[PDB]
Structures are given as structure tokens and as C-alpha cells.
Amino acid sequence: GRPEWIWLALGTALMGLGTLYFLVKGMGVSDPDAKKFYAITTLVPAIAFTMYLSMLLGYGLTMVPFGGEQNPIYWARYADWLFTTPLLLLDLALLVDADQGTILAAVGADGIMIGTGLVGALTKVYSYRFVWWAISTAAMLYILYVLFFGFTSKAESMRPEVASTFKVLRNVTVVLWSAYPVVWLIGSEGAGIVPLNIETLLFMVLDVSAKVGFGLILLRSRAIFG
Ligand SMILES: *C/C=C(C)/C=C/C=C(C)/C=C/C1=C(C)CCCC1(C)C
Ligand SMILES: CCCCCCCCCCCCCCCC
Ligand SMILES: CCCCCCCCCCCC
Ligand SMILES: CCCCCCCCCCCC
Ligand SMILES: CCCCCCCCCCCC
Ligand SMILES: CCCCCCCCCCCC
Ligand SMILES: CCCCCCCCCCCC
Ligand SMILES: CCCCCCCCCCCC
Ligand SMILES: CCCCCCCCCCCC
Ligand SMILES: CCCCCCCCCC
Ligand SMILES: CCCCCCCCCC
Ligand SMILES: CCCCCCCCCC
Ligand SMILES: CCCCCCCCCC
Ligand SMILES: CCCCCCCCC
């Protein structure tokens, strides 16, 4: 009966349909390189579907006391993001032939970003919630820096069509990811200005764009073929 349920339902639908479509297209292709991108990219909305569905059915929500009140916090989001965000990075890394060490560092930073975001989301001392938020944001900015400078440098050694597809996906990633810390800061987890129903709408748009939108761009490109 929670007012945000409608956006959880729509999120479930869009992630489910995205997953099914990517699976149908992916199962059809024979190229080994393209199959790898399909496998990674189909798994992303599949995981998001399972977590959206879990939240829709009333799981992954806990009450956290801070600022003198009991606050509803969706922790299931972090279980989704812990796996889906590095998978998205791996898609980008494979496109540009990024170094193994660069991948390890980016994925490591991503784990820090999600883990500290979750710790912040669960923290009972109000001021300290924002310390964890700041650490998580710093880790995110490391990732965006590496994507923008490092991965782009690697992309420039690829065929222009691969570099071009990478730049579109890079741009989508920078724009969408950079919004998440702001939604958290102003929403249910942070300042409590934006109500949970609207916050859930915002994360749904961001999530669907970052997974299904991203995947549509990637999987329709010739860049994924060996
Ligand atoms: C499919 C889901 C995606 C692409 C989610 C990306 C999520 C982030 C970039 C979240 C970053 C966060 C911070 C920068 C600090 C506050 C808490 C986190 C998890 C929301
Ligand atoms: C050579 C040096 C250094 C670097 C670094 C700086 C810092 C900072 C921050 C942040 C963030 C994107 C941050 C990107 C991109 C689109
Ligand atoms: C209340 C709603 C959420 C709903 C929806 C949908 C199911 C997916 C329909 C697929 C039509 C293309
Ligand atoms: C319902 C499905 C989502 C699934 C798929 C993913 C990919 C499996 C990886 C194994 C192939 C290397
Ligand atoms: C009185 C103050 C405590 C203050 C503040 C702040 C530091 C904000 C820096 C954010 C780092 C990303
Ligand atoms: C009374 C003060 C405490 C002060 C100040 C602040 C600034 C912290 C800057 C941290 C940047 C990462
Ligand atoms: C190999 C472990 C990954 C760590 C990558 C470096 C950096 C950053 C930090 C996040 C920061 C606050
Ligand atoms: C396009 C940005 C408009 C955002 C307006 C935010 C406002 C809030 C609040 C007043 C609140 C209690
Ligand atoms: C309790 C609530 C109603 C509230 C308010 C406000 C502001 C959210 C608008 C910001 C969306 C970008
Ligand atoms: C009270 C209306 C219940 C409808 C739930 C639909 C969610 C399933 C995703 C399509
Ligand atoms: C096509 C996507 C199927 C995913 C199966 C996992 C369902 C578990 C939801 C709780
Ligand atoms: C009392 C607030 C002190 C904040 C310490 C933040 C240090 C973390 C840097 C990684
Ligand atoms: C109450 C006003 C808040 C509604 C803004 C939500 C717009 C989301 C579109 C991305
Ligand atoms: C992985 C980063 C650990 C930093 C802990 C700082 C604790 C702040 C209260």
C-alpha cells in the first residue's frame, strides 16, 4: 500500500521486458565477441528485475532511526547495484580493451561506492550518514574520471565505430550516474526533502535508462562484433 509501489511496479515491468528482449536477441547471435556483450548486458536488467520485484512485494525495506524519526530505507537497491554497476563498467572496459589492472581498480572503486553508500543509508547518527555519502561520492568520481580520461584514451586506439559507440555509452553513464548522489542527498536517505514516492520515480527513470537504455544502444551497435 506504499505510494511508491506504482514506480516499483513500472520498474519491474521495464527491467523484465528489457531482459526478455536482450535474451531473445542474444540467443540468436553466433559471434563469440557479441555473445559476451549480450551475456553481460542481459544479466544487468535481469538482476534489477529481481530486486525491483522483491521491493514491489515488500522486501528489501528497513526502518532506520535518524533525525529523531523512523525512516524507511530501501536497502535492496544496493544489492542490485553491487552487481549491476560493475557489469556496466565491464561492458565499457571490453569495448575499449581496457587493461586488466584498470578494470580491477574501477570495479574495486565501484564496490567501495556501493558498500559505503549502503553503510551511509543505514547509519543512525545523521551527520555521519553524510560522511559515508561523501566517501561513496568520491569513489564514484574516481570511476567517472577513469571512464572519461582513461577509457576514452583506450577507445582512441579502436576503430572509429567502436570509439563512437563507447563515447555515447560513456556519456550516458556520466550523465545518469552523476545524478544518483544528488537524489540520495536530497531524498529519503539524506535531507528528506524529496518524498520517497518521487525519489522512487527518479531512481526508476535513472535505473531503466542506465540499464535498458544503455543496453539498447550497445546491443544495436556493430561495435560488439568480432
Ligand atoms: C543500474 C543502476 C545504476 C547505473 C546505479 C548507479 C548508482 C550510483 C552511481 C550510486 C551512487 C551513490 C553515490 C554516489 C553516493 C550515495 C549512495 C550511492 C549508492 C547512491
Ligand atoms: C593528473 C591529475 C589529476 C586529477 C584529478 C582530479 C580530480 C578530480 C575530480 C573529479 C571528477 C570527473 C570527475 C569527471 C568527469 C567527467
Ligand atoms: C501498473 C503497472 C505496471 C504495469 C505493467 C505492466 C506489464 C507489462 C505490459 C507489457 C506491454 C507491452
Ligand atoms: C533470464 C536471464 C538472464 C540471463 C542471462 C545471462 C547470461 C548467462 C551467462 C552465461 C554465458 C557465458
Ligand atoms: C561544521 C562542519 C562540518 C562540516 C563540513 C564539511 C565538509 C564538506 C566536505 C565534503 C567533502 C566531499
Ligand atoms: C569548525 C569546523 C570544521 C570545519 C571545516 C571544514 C571543512 C572540511 C573540508 C573537508 C574537505 C574534504
Ligand atoms: C584496487 C582497489 C580499488 C581502489 C581504487 C582506488 C581508489 C579509490 C577510491 C575511492 C575512494 C575514496
Ligand atoms: C527543477 C527543480 C525544482 C525543484 C524544486 C525543489 C523544491 C522544494 C521544496 C520545498 C519544500 C519543502
Ligand atoms: C512531502 C512532500 C512534498 C514534497 C515535495 C517536494 C519536492 C520534491 C520536488 C523535487 C523533484 C526534483
Ligand atoms: C492493485 C494493483 C496491483 C497491480 C500490480 C501490478 C504489478 C506487476 C507488474 C506488471
Ligand atoms: C526472465 C527473468 C527471470 C528471473 C528469475 C528470477 C526470479 C526471482 C524473483 C524473486
Ligand atoms: C567527525 C567526522 C570525521 C569525518 C572523517 C572522514 C574521513 C574519511 C576519509 C576516507
Ligand atoms: C512533485 C513534483 C516532482 C515531480 C518531478 C518528477 C519528474 C521526473 C522525470 C524524470
Ligand atoms: C573504505 C573506506 C573506509 C573509511 C572509513 C571512515 C569512517 C568514517 C566515520
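Using Swiss-Prot numbers, chain A covers 19-244, in order.
Each residue, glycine too, has its Cβ placed from N, Cα and C.
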Of the residues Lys43, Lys142, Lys229, which is given the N6-(retinylidene)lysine tag by Swiss-Prot?
-> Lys229
Hey, in Swiss-Prot are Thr141 and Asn215 both on the same membrane side?
-> yes
Top partner of the transmembrane segment (93-109) among 57-75, 148-167, 217-236 - counted as Cβ pairs under 8 Å | 57-75
Residues sitting near the topological domain 'Cytoplasmic' (43-56): Cβ under 8 Å, six or more positions beyond its termini, same chain?
-> 109, 112, 236-237, 242-244
Closest-packing stretch to the transmembrane segment (57-75), where packing means Cβ pairs under 8 Å, from 23-42, 148-167, 186-204 = 23-42
Taking helix as H, G and I and strand as E and B in DSSP, count the residues of the topological domain 'Cytoplasmic' (43-56) in helix, strand and coil.
-> 11 helix, 0 strand, 3 coil
